[PDB]
Participant: 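Below you'll find the structure I mean.
Remember, it's 1-based here, ligands and their atoms both numbered in the order they're listed. Each chain gets a letter, A, B and so on, in the order the sequences are listed, and its residues count up from 1. These values consider heavy atoms only, across backbone and side chains, with no hydrogens, waters or symmetry-generated copies.
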Amino acid sequence: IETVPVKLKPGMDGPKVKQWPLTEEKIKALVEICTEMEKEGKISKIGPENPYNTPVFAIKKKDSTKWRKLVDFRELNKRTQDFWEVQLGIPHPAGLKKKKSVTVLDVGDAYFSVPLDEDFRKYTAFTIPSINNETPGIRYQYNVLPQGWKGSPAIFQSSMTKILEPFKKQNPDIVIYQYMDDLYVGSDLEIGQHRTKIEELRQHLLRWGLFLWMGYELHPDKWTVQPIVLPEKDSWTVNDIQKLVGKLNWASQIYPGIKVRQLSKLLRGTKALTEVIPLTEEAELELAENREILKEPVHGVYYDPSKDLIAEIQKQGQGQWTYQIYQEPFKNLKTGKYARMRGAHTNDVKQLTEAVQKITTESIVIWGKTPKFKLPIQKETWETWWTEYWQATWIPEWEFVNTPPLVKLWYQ
Amino acid sequence: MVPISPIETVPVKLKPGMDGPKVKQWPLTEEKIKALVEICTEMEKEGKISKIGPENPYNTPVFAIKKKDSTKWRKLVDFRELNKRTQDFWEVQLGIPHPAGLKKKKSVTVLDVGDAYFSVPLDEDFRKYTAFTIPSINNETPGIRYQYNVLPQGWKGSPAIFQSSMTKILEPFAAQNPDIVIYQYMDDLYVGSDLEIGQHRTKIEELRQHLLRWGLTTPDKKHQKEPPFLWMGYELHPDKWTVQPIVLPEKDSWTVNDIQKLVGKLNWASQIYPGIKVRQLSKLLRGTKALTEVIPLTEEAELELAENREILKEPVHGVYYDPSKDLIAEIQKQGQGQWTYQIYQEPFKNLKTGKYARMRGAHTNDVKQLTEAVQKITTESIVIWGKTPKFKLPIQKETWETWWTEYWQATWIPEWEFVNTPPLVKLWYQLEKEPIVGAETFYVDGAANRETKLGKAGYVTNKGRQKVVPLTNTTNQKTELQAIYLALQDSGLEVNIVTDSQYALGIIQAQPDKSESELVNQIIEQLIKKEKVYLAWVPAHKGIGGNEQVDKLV
Ligand SMILES: Cc1cc(/C=C/C#N)cc(C)c1Nc1ccnc(Nc2ccc(C#N)cc2)n1
């Protein structure tokens, strides 16, 4: 019934982010949603004396026909004073990534039951634009904790903490982690009961006071990881050996003990690229030693909670994508490979948008935060289309790569 | 007395850390003071302003300007200082409707609402900051002090507060009368509909009745304004629109400014006049920045202008949007990185047209440019119509498929169809994915001395063919490209090329079909002539034979 006061970071004013173009379908969806939110007292119309703004759009979660409002609070979040909670900081649960099954639940609705500090409401202003700007954009601000805002989970924490005590005390082995509007629940249970605990959990939440029916299943135990592998052949051409030395030279930046001298020797002389070269024993042994080195973990690799996570993605063709997550170059914390057919047999950009959400989800589970993406696409193309395929309630940061990395094939 | 609903005031504040203005009133002539006193006396009688005590410490300078040499005077309160200290407001004026997005209307009535403006009270607590002083005759008595009770003309928040206040009043009328559209511009309301005129006039009377609930009266005359309207540079007619007359001046000599003016007119014209071109005229403005500096017109530009005068020969109109039909966007390549387009619903009846120029960059290709044009049109279309048009593009479905499946970046173009109208966009070459059996293998390399700028480029092949050419005024990067060029020049129709240049590979893998570097262009011309080319990369200084760096190490 009371609100915890909130303020912006020193020397920072509220967000003033332009609302990007919305399709007619998304505008109608938002008008309908906000009209009901206004009636329920969650948002209120605002006057011209509020110059702030945050973009809004609409999405459809994984297999749901009902539109969901999604506010892009990325700017507000970086400007809102760090809301370290009474938790002293809930240490990210390292056991979540090790569970057999993890279901993701959207509990964002709970937030709307808690009032937002009156003096901070102005900074949550947003606009529902009109097609061709024919009529004034509809302006609103939040009266309650909004979904997608950094401070919502922080402020609702204490309430969530006691809302789950029962379930948690009766199920001390189940791991429950919260990130923004999602709740991650993991357990080694047989998928059949795992689901019972989940549906039980929400029925235990719905009864406790609050579309929570949806579920997203992940399998950390069956997750993608990749070692560096060299070809195994009976006959090597000059070209095969040139490609191998190139890959080994690249790998030597990750693994110090890698050697190519003996293999390079085979390449001395101006030979036809398709000519078959028999491997000497010295070159064969060198290749063997390198294979061994490549079976050992990378040296000096560690995660630092105060550093940003970086994610790079490469289009490998035929619907396959590779990616690496690291904080320091050549010190990969996670690498993977995707090849997926949710709807984009023929759409590069949908595929990349889905790869980005999958990687972010993995990142949240493992480290409790989102990475900064380096995307292989032109900025104009990405910004024109990503919102058409987005299905997550959070949004990571991203930048663009315009020069073809030479290291594409070495990762596939 | 019939009670009327008050107009809610908007709470205004000064920027944080700032106080009100304290600007000295300027000395005026006895003549101007009597005028200002008279002027302020009625304003005061009208409720606009009120006399204030000596307490108020704020001030803003008031002036008196004669009216085009009339018998009348007019007061001007200069709020520049108060404006710098007043908070920022939400300005809903940004991004005006584009005529091609409007719907045709049978009738459009105009209503003057300038009087309603003065029923909008200024926030009581902000009034004090609007204080001003009419000096006294001969400075022998205290000047007369006043503060505003209504939105002051010239004040920063007046436009936004007036508009938002009017919108709030109009809201329920618009919502309960979906068959009409209402738009406010300046002191007028424009009301349009497709109603049988009787019903349309009834709607107008109902609006006047609605406004009276706030005691806002309207002229009860026939506003001077009637279709067509001159608005934001356009002419709006009941069922068509166009830009206001575009007149290209006749000139024997042009200056930077004249050309910037010309390009401004051509750009404005390009939204409905198809084909307009501005590249040859725009490039003349490459870092001139001297308004007066007269620039000679290249014959290339003199040609572009003549072509534009032709296009502007006669009036061209666009039609309005019909929500019930599909939107089609057709694009054509014009050359020199220029692209043109038309958006229509029915053949030969454009809603609007436009153009796209390639982005600045070292290397490019037609397929990438086409893609950027498509993305630009898509976004503009979402803004104007809220949907993506179906595209008609001069590129074969097979060419597009080869391109995107092989390009290293993710790329996409929405629903489209091939339209066979030259010049068509094509892929000019395609490198091999595997080494060519039977084709000679050229190992190339180049190097340059950073100090002397002298270098060498060359190759050695499996057949014993060899070449090294001495070069001057060069760099490592240019010698690396020269080496590849020599190999292409001296090989047959199929060739394998081995290089250690990450730079050269970075360029070729980007698949340019045109470049700002003549060297890269020469290489592109050779690739186009070959039948098969495999380009292999190897690490430098790793003892890979053929890697004949030694030949170019001197
Ligand atoms: C933007 C706008 C400018 C003016 C005018 C401002 C001025 N001056 C008048 C109106 C009524 C509107 N609003 C809308 C909204 C939807 N369709 C239309 N179509 C439409 C408008 C004018 C004419 C005409 N003649 C024909 C069709 N107008």
Participant: Would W241(B) count as a contact of ligand 1 if the rule is a heavy atom under 4.0 Å away?
Facilitator: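 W241(B) does not count as a contact of ligand 1 under the 4.0 Å cut-off.
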
Participant: Could you check which of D194(B), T135(A), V108(B), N132(A) puts a non-hydrogen atom nearest to atom 22 (C) of ligand 1?
Facilitator: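 Shortest heavy-atom distance from atom 22 (C) of ligand 1: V108(B).
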
Participant: Regarding ligand 1, does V181(B) bring an N or O atom to under 3.5 Å of one of the ligand's N or O atoms?
Facilitator: no

Participant: Which protein heavy atom lies closest to atom 9 (C) of ligand 1, and at what distance to 0.1 Å?
Facilitator: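 Nearest protein contact, heavy atoms only, for atom 9 (C) of ligand 1 is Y190(B) CB, 3.6 Å.
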
Participant: Which ligand 1 atoms, with their elements, are less than 4.0 angstrom from a heavy-atom of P227(B)?
Facilitator: 25 (N)

Participant: Taking the six-membered ring for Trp and the full ring for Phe, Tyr or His, determine whether the centres of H237(B) and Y320(B) are under 6.0 Å apart.
Facilitator: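 Distance test on ring centres: not under 6.0 Å, no.
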
Participant: Which one of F126(A), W20(A), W390(A) satisfies the ring-ring contact (aromatic ring centres under 6.0 Å, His included) criterion with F57(A)?
Facilitator: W20(A)

Participant: Can you find an N or O of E134(A) that's nearer than 3.5 Å to an N or O of ligand 1?
Facilitator: no

Participant: I'd like to know whether ligand 1 has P238(B) as a neighbour, heavy-atom separation below 4.0 Å.
Facilitator: yes

Participant: Between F229(B) and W241(B), is the ring centroid distance below 6.0 Å?
Facilitator: no

Participant: Taking the six-membered ring of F118(B), is NZ or CZ of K48(B) closer than 6.0 Å to its centre and within 45° of its axis?
Facilitator: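 Yes; both conditions hold, so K48(B) lies above the ring face of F118(B).
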
Participant: Tell me the contacting part of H237(B) for ligand 1: side chain, backbone, both, or neither, using a 4.0 Å heavy-atom threshold, strictly below.
Facilitator: backbone

Participant: Take the angle between the ring planes of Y321(B) and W385(B) and call it parallel below 30°, perpendicular above 60°, tilted in between.
Facilitator: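 Plane angle between 30° and 60°, so tilted.
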
Participant: Got the closest protein heavy atom to atom 17 (N) of ligand 1, with its distance?
Facilitator: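 The closest one turns out to be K103(B) N, 3.2 Å.
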
Participant: If you have a sec, work out which protein heavy atom is nearest atom 10 (C) of ligand 1 and how many Å separate them, to one decimal?
Facilitator: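 Its nearest protein heavy-atom neighbour is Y183(B) CB, 3.8 Å.
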
Participant: Please write down residue, atom name and distance for the protein heavy atom closest to atom 14 (C) of ligand 1.
Facilitator: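 Residue, atom and distance for the closest contact: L102(B) CD2, 3.9 Å.
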
Participant: Between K67(B) and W73(B), is NZ or CZ placed under 6.0 angstrom from the six-membered ring centre and within 45° of the ring axis?
Facilitator: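 That pair does not qualify as a cation-pi contact.
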
Participant: Please find out if less than 6.0 Å separates the ring center of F126(B) from that of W155(B).
Facilitator: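 Aromatic pair counts; centres sit under 6.0 Å.
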
Participant: Can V56(A) and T127(A) be said to form a side-chain contact (heavy atoms from CB on, under 4.5 Å), step by step?
Facilitator: CA-CA 7 Å; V56(A) 68; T127(A) 317; over 6 Å; no

Participant: Among all protein heavy atoms in this structure, tell me which lies nearest to atom 6 (C) of ligand 1, with the distance rounded to 0.1 Å.
Facilitator: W231(B) CD1, 3.6 Å

